[PDB]
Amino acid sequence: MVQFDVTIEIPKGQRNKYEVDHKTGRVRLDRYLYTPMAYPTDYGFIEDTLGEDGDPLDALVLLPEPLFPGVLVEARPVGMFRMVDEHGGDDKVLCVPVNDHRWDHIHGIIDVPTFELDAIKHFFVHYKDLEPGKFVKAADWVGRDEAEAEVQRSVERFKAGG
């Protein structure tokens, strides 16, 4: 069973887009969203990963209640949101907390209610609609096998980068 640590940057329900500066460890405000939308899940990144674009792999964590920026949660992948925007491809691994029987019945993307996947998709498709020169050309969901393959590639890129 693949599992890993996710650092939360943005609690569910927030309109402030926080980001961890990976050089310093500091939490920074990127910006307050320009749209009347709020993050649909807790949002952050997988520790010890490196995506194709130089930053760690993004993670979305399903949780009963929001966390605080900077908090670590041990999690396991169930699928992956993929999108194409102004900086090209962007993937976000969808995760649930490990060692919690309340999530035991969610083994893969097929187990996650469609209305929840659709809400998360809608957020990422629209949240930058009022930001000039930002766009989304494509967005879809893939399952746990493909999420794990991407996690593995990013773990490999992390190790190769030093």
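Residue indices: 1-based, along the sequence shown.
Averaged over CA atoms, B-factors in the entry run higher in 53-61 than in the other of 53-61 and 36-44. The question of which stretch, 23-31 or 112-120, has the higher mean Cα B factor is settled in favour of 23-31. As recorded in the entry, 136 carries the highest CA temperature factor of 136, 93, 106, 98. Looking at the C-alpha B-factors along this chain, the one for residue 87 belongs to the highest third. Per the deposited record, the Cα B-factor of residue 144 falls in the lowest third when ranked against the other modelled residues of its chain.
For residue 15, the recorded CA temperature factor ranks within the middle third of the chain's modelled residues.
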